[PDB]
């Protein structure tokens, strides 16, 4: 996910420009949902994943907001001490405490149901038990018990009118997500939001800690410690999942590092090349970053040095000369099947061989496979997400930096051989593989282009459309699933704010019972491919002047009415006087546009897929249920104020109003996928609405830990290199922090005070 926010000192013909590209993968229907909300203190326009009540990408006429992933470490594993004589108990503060447990039955269509038990301790749900060590591993998330408050913070931030009001809501968002701000006066800001644990001294957050009491978190760190910047000296804020600030620690995933090699550097390269950017030029950064090879910049210097004394008749030199003449941008040939230059294929073959000879060889099996990917992995459908510099390549980059790297090289990744020798041997391997495939003339190689697919299964691997609904795009683009831009105080025109976005394939996922797709089913697919965009309207006049339809909706609870206006792309705008009715309108239009997608997202987030799709989803459903505690979510909802509850209740009741119409006339209104998969939609409750957000936001971007696997790697490293060198090699592959990491906030603004 990327973002660039350009302030008054860096914007041309405007006071601020915000361009966001969240990367969630590609799907049909669209991952995000376009919506405008007008009333009850809200006046917003934008789009948001799974139609959450809170819009992730949009503006209110005064401020605009966005987000990117890039988790720090807010998830730890507590190794609970068990008793052979007291099963279901664990030791805490000198006593045997009983675990909570719940029974769950997975109903299976045309199959056999399965019952299992989910266990939970004061640290969290149990994710693994180990007989030999009498341990039950419990997953502690700093945001546990704050899932519903996080959803409400994302909704209430839409009403903020300045930096202090907005940061007040940012402090209430507990998931580890980057938040961005821009406003009508040209101010820009960033907050790396999230609840973070205040750990005991000596707690290494990359590995499990005993759950017996001594290692319990002291509590949560203050919001004063969350990285933030307002109007940075640079005049811009850029991010591509990289570190928020100097010395800020990343999540403990062995596959995730913030090091000297980072793709975010590519955005800074573009933004620093000219003093100011217009709205069109800021949008054009999407085209440029989408086509950038991320590895050329990192490895070309070492490749040129290794081949410096080779003659042009040497194939190793021919490969490097081809990379040296390349601008590093990938373009597709007229055939729509091959790249104009072979550079990425050459880097893939070389980097794959380099990793095998360096990082992979230094790590004992079976852990070498964690560092073997080059970053170019793809299928005929193309990459399922963004392209990044691989974890193996990041570690190799530090080794190539030598003394310039701040990471101590506890093990020489080159194994005693000079770095030029290994680089040349990898070039020999790449030459053998590539010349066998394309012949010996590198100037004529037509390497395959990566393609892009809007998948019919959602990110969980669960159908949200029929298989024939997959859509194809010839050119893979390393960009947001959606892209949106807000321009504040443009000098041209009479509007104080302009906004655009692209929600592909379309606003609607509706396919009628007879197979007829809605007119807004795929009318944004060509616009997506060509880097186009459509206007987002906010004011009643702009919405009215660009409308395709207008209607009134009678609220089932009291027969009052809300107004819904849809724009020329089918995007709905809700007009209501209070929270309950505003969110009722929202729920209703979501049920009209995305009912099958939302019903499948509801089943995905609650682990109730097998009930309708059969035995194929049983272990998926079990894994979902093991990873949450419904009583916690229900208790959080029960304790809400009437006003906060009205958001969820209004939304569910609104969906229900349309579901009632669908079920009374299914021959005309039932989305075709319900007939294809053989079931009917049923009513929603506030719990269902909360679980769309918990299951697709909290569990997708804020529930990452590999501490158990990290411990197994550390154990194997100590077996191979000894206790001392083994821990130092662990620090080289999975450093806590790397001061050379490119950061969103410049070191001169602020650094992380915790060491």
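Residue numbers count along the first chain shown, from 1.
Looking at 101 to 109 and 270 to 278 together, the entry lists the larger mean B-factor for 270 to 278, computed on C-alpha atoms.
As the entry records it, the average C-alpha temperature factor is higher for 84 to 92, out of 84 to 92 and 295 to 303. When the C-alpha B-factors of 413, 571, 395, 310 are read from the PDB record, the largest value belongs to 413. Within the group 661, 316, 146, 203, the record's highest C-alpha temperature factor is found at 203. Ranked by C-alpha B-factor against the other modelled residues of its chain, residue 468 falls in the middle third.
Sort the modelled residues of the chain by CA B factor and residue 50 lands in the lowest third. For residue 73, the recorded CA temperature factor ranks within the middle third of the chain's modelled residues. Per-chain ranking of the deposited C-alpha B factor places residue 654 in the lowest third.
Ranked by C-alpha B-factor against the other modelled residues of its chain, residue 3 falls in the lowest third.
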